[PDB]
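# just the structure for this:
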Amino acid sequence: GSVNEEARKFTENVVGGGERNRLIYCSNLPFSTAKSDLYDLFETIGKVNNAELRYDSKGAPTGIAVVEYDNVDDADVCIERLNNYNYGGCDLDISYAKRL
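Residues are numbered from 1 along each chain as shown. The protein structure is shown below:
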């Protein structure tokens, strides 16, 4: 199925600066980002299995995304590698996802 409540619950009740777990919360994304470009962006750390962009009214972006890496050690690379990178003219903000 192309669009599901799971994909919403993957960006809903999510906030940055969590305990160490394979899930990464990104913020300050440029407004032109798309899930296919987002997979290619975090794939240079190692490996994305589940990644997605939070939407506002329906399907319009927000500047927020979540990325599941293969393993918590790839998130530790991400937090020094993208947390610090100019994407679309924006210094991205990266951390472990605390999903409530």
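# what strand or helix carries the residue nearest the centre of the chain?
Nearest to the mean C-alpha position of the chain, by Cα atoms, centre = their mean, lies residue 66 at 2.7 Å. Assigned by DSSP states H and E, residue 66 belongs to strand 61-69.
# can you list the buried residues in stretch 7-22?
7, 10-11, 14, 18, 22 (16 or more other Cβ atoms under 10 Å). (Each C-beta comes from the backbone N, C-alpha and C, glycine too.)
# and those residues as TSV, adding secondary structure and distance to residue 37?
Listed next are these as TSV, based on DSSP: H, G, I helix; E, B strand; the rest coil; distance: Cβ to Cβ, whole Å:
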residue	secondary structure	distance to residue 37
7	helix	17
10	coil	17
11	coil	16
14	strand	20
18	coil	25
22	coil	21
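# and which of those residues is nearest to residue 59?
Checking the buried residues of stretch 7-22 against residue 59 by Cβ to Cβ gives residue 7 as the nearest, at 11.3 Å.
# what sits against that closest one?
Residues in contact with residue 7, defined by Cβ atoms under 8 Å, 6 or more residues apart in numbering, are residue 52.
# that one and residue 69, how far apart?
17 Å (Cβ to Cβ, to the nearest Å).
# likewise residue 30?
For residue 30 relative to residue 69 (Cβ to Cβ), the value is 21 Å.
# who's more crowded, those two?
In this view residue 30 and residue 69 are compared by other Cβ atoms under 10 Å, and residue 69 has more residues nearby, 24 against 14.
# ok, that one touching residue 21?
No: with contact defined as Cβ atoms under 8 Å, residue 69 does not reach residue 21; the gap is 9.8 Å.
# any common contacting residues for those two?
With Cβ under 8 Å, 6+ apart as the test, residue 69 and residue 21 both reach residue 75.
# ranges for the helices of the protein?
With helices called from DSSP state H, the chain shows them at 5-9, 35-42, 72-81.
# about what we covered before: contacting residues for the residue nearest to the centre of the chain?
10-11, 14, 23-26, 51-52, 54, 97.
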